[PDB]
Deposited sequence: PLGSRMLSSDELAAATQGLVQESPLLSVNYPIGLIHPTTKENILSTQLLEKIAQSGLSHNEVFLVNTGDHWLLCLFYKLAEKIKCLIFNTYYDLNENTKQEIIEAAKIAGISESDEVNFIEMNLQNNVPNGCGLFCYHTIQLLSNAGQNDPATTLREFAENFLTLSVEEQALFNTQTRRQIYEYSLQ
């Protein structure tokens, strides 16, 4: 079903690389059980450097997480945007471990917005990245928070409308 389709890495990448946003990754590698987010960040610090806004799209199994690393101003801060059920504490501290490498408290923003947007984790990632790019110098923690709160105030018909419109734009990048 296209209406409840979970976005893959390539499908999410094609949309997010369309106009610093890193390629979508899995949090923990299945076989070697390494923290890919930690390894990716470490690799970054040794090469050129971390942008003023580092965006990671991290998959923790069924979640697409918006992971933002940003400086404000002398202190770098970490931001986790979850649009589904609350992450278990195990998954959380794998992110905290990666946050420390970036040079960091880890701000987990967790609000379930997918009651009417099935597997919409990738959809909110695509949409909020556009928000953060239109927000500029605005505090990203309050950009995403007020967006999620306002999204819950919408009716089912409006939420479902967001679901089909966003998917029609995202699917275009993969075609």
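Any chance you could give me the deposited-sequence numbering of all the stretches lacking C-alphas? No C-alpha coordinates exist for 20 to 26, 112 to 115, 187.
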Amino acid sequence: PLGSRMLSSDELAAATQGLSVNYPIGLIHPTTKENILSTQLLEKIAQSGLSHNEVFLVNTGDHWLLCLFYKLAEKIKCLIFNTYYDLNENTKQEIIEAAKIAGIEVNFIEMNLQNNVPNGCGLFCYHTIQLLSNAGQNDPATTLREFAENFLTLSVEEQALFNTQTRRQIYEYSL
From here on, numbers count along this sequence of modelled residues.
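Regarding 45 to 53 and 140 to 148, which shows the higher C-alpha temperature factor on average in the entry? Of 140 to 148 and 45 to 53, the stretch with the higher C-alpha B-factor average is 45 to 53.
Higher mean Cα B-factor in the deposited model: 91 to 99 or 69 to 77? The stretch with the larger average C-alpha B-factor is 69 to 77.
Kindly indicate the residue among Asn119, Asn112, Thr31, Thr128 with the greatest C-alpha B-factor in the PDB record. That would be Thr31, according to the entry.
Sort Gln159, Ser9, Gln17, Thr164 by C-alpha B-factor from the entry and give me just the highest. Each of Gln159, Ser9, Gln17, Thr164 was compared by C-alpha B-factor; the highest is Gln17.
Cα B factor band for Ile36 (lowest, middle or highest third within the chain): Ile36: CA B-factor falls in the middle third of its chain.
Taking the chain's C-alpha temperature factors as the reference, tell me which third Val58 falls into: lowest, middle or highest. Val58: CA B-factor falls in the lowest third of its chain.
By the recorded C-alpha temperature factor, relative to the other modelled residues in its chain, which third is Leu27 in? It belongs to the middle third of the chain when residues are ordered by C-alpha B-factor.
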